[PDB]
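A.B. asks: Below you'll find the structure I mean.
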Amino acid sequence: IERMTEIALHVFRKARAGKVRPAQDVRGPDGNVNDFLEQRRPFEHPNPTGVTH
Amino acid sequence: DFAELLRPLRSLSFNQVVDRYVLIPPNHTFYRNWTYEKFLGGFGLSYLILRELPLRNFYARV
Ligand SMILES: CCCCCCCCCCCCCCCCCC(=O)OC[C@H](COP(=O)([O-])OCC(O)COP(=O)([O-])OC[C@@H](COC(=O)CCCCCCCCCCCCCCCCC)OC(=O)CCCCCCCCCCCCCCCCC)OC(=O)CCCCCCCCCCCCCCCCC
Ligand SMILES: CCCCCCCC/C=C/CCCCCCCC(=O)OC[C@H](COP(=O)(O)OCCN)OC(=O)CCCCCCC/C=C/CCCCCCCC
C-alpha cells in the first residue's frame, strides 16, 4: 500500500497543478515553461488594493 | 442707465414704494442659509462622484 500511495500522490500533484494551468498539448498538465516567464496584470483588472510603482 | 435704475419706481407712488420694498411683512421661518449649504455642500457631493473616476493610473487621479 506504500507503493500504491506514492503512485497516486504523484498523479495527484500533477493533476492539482493542472487545475490552475490546464493541459493544452502532449506536455501535460502544467508542462509549459513560458507560463512562468514575467507576467503582468491585464489592463481590465489592475491591482485594486495597492500601488504598482 | 441712471434713469434705468429708477424704472420700477416711476410707475409707483411713494406709498406703494414703501409697501413694496420697505415694509416687507416679517417672516423669519425661511432657511436663508440653504444657499451656502447647497454651494459648499456640493464639494462633498462632487467628491463622492469624483472619487470613482475610471482613470486607471493612480497618479493620474492624484
Ligand atoms: C439616459 C441616457 C443619457 C442621456 C442623457 C445624456 C446627456 C446628459 C446631460 C443632460 C442631463 C444632465 C442631468 C442634470 C441636468 C444639468 C443641466 C446643466 O446645465 O448642468 C450643467 C452643469 C453645471 O454647470 P456649472 O454652472 O459650470 O457648475 C459646475 C461648476 O463647477 C460649479 O462650480 P462652483 O464653484 O460655482 O459651485 C460649486 C458647486 C460644486 O461643484 C463642484 O465642486 C464640481 C467641480 C468639478 C470638479 C473639479 C474638476 C474640474 C475639471 C475641469 C474639467 C471638467 C470637464 C468635465 C466635463 C463633464 C461634462 C458633463 O456647488 C454648487 O454650486 C451646488 C452643487 C450641488 C448641486 C446639487 C446636486 C444635484 C445634481 C443632480 C442630482 C441628480 C443626478 C443623479 C445623481 C448624479 C449621478 C450619479 O455642468 C456639469 O455637468 C458639471 C459637471 C458635473 C458632473 C456631472 C456628472 C453627473 C452626470 C449624470 C449623468 C447621468 C447619471 C448616469 C446614468 C447612467 C445610465 C444612463
Ligand atoms: C436629510 C435627512 C433626510 C431623511 C430624514 C429622516 C428623518 C426624518 C425626521 C425629520 C424630522 C423633521 C424635523 C424638521 C426639519 C425641518 C427642515 C428644515 O428646517 O428645512 C426645511 C427647508 C424649507 O425651506 P424654507 O421654505 O426656506 O423654510 C420654510 C419653513 N416652513 O428645506 C430647504 O431649505 C431645502 C433643503 C432641504 C434638503 C434638500 C435635500 C436636497 C437633496 C438633493 C437630492 C435631490 C435630487 C435633486 C435633483 C435636481 C434636479 C433638477
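Chain labels follow the order of the C-alpha cells: the first chain is A, the next B, and so on; residue numbering restarts at 1 in every chain, and ligands are counted from 1 in their shown order.
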Excluding residue 21 (chain A) and residues on its chain fewer than 4 positions from it, collect all residues at most 7 Å away from it, counting only C-alpha atoms, and give them as a list in words.
C.D. replies: residues 17, 29 and 30 of chain A
A.B. asks: Could you list the residues in chain B lying within 12 Å of chain A, using only C-alpha atoms, and format the result as a PyMOL selection string?
C.D. replies: chain B and resi 54-59
A.B. asks: What does the list of residues within 12 Å of ligand 1 look like if you count only C-alpha atoms and all ligand atoms, written as a ChimeraX atom specification?
C.D. replies: /B:34-53,61-62
A.B. asks: Pick out the residues no farther than 6 Å from ligand 2, counting only C-alpha atoms and all ligand atoms, and list them as number ranges by chain.
C.D. replies: B: 29-31, 34
A.B. asks: Find the residues around residue 9 (chain B) up to 12 Å (only C-alpha atoms counted), leave out those fewer than 5 positions away in its own chain, and share them as a CSV table (one decimal) with N, CA and C atoms, in the first residue's frame.
C.D. replies:
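Output below, filename result.csv:
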```csv
chain,number,residue,atom,x,y,z
B,3,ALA,N,-31.2,106.5,-15.2
B,3,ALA,CA,-32.7,106.5,-15.3
B,3,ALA,C,-33.2,105.1,-15.4
B,4,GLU,N,-32.5,104.2,-15.8
B,4,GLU,CA,-32.9,102.8,-15.9
B,4,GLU,C,-33.0,102.1,-14.5
B,14,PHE,N,-45.3,106.8,-3.7
B,14,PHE,CA,-44.5,106.7,-2.6
B,14,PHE,C,-45.0,105.7,-1.6
B,15,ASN,N,-46.3,105.7,-1.4
B,15,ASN,CA,-46.9,104.7,-0.5
B,15,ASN,C,-46.8,103.2,-1.1
B,16,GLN,N,-46.8,103.1,-2.4
B,16,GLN,CA,-46.6,101.8,-3.0
B,16,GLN,C,-45.2,101.4,-2.9
B,17,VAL,N,-44.2,102.3,-3.0
B,17,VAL,CA,-42.8,102.0,-2.9
B,17,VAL,C,-42.5,101.5,-1.5
B,18,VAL,N,-43.0,102.2,-0.5
B,18,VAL,CA,-42.7,101.8,0.9
B,18,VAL,C,-43.3,100.4,1.2
B,20,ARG,N,-43.9,98.1,-1.0
B,20,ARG,CA,-43.3,97.1,-1.8
B,20,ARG,C,-41.9,96.7,-1.4
B,21,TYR,N,-41.1,97.7,-1.1
B,21,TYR,CA,-39.7,97.4,-0.9
B,21,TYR,C,-39.2,97.7,0.5
```
A.B. asks: Rounded to one decimal, what separation in Å do you get between CA of residue 35 (chain A) and CA of residue 12 (chain A)?
C.D. replies: 20.4 Å
A.B. asks: So the first atom is CA of residue 37 (chain A) and the second is CA of residue 60 (chain B); what is the distance between them in Å, to one decimal place?
C.D. replies: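 CA of residue 37 (chain A) sits 29.3 Å away from CA of residue 60 (chain B).
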A.B. asks: Identify all residues of chain A in helix (DSSP H, G or I) (DSSP on the backbone) and supply them as a count of residues only.
C.D. replies: 22
A.B. asks: Which distance in Å separates CA of residue 13 (chain A) and CA of residue 28 (chain A), to one decimal?
C.D. replies: 12.5 Å
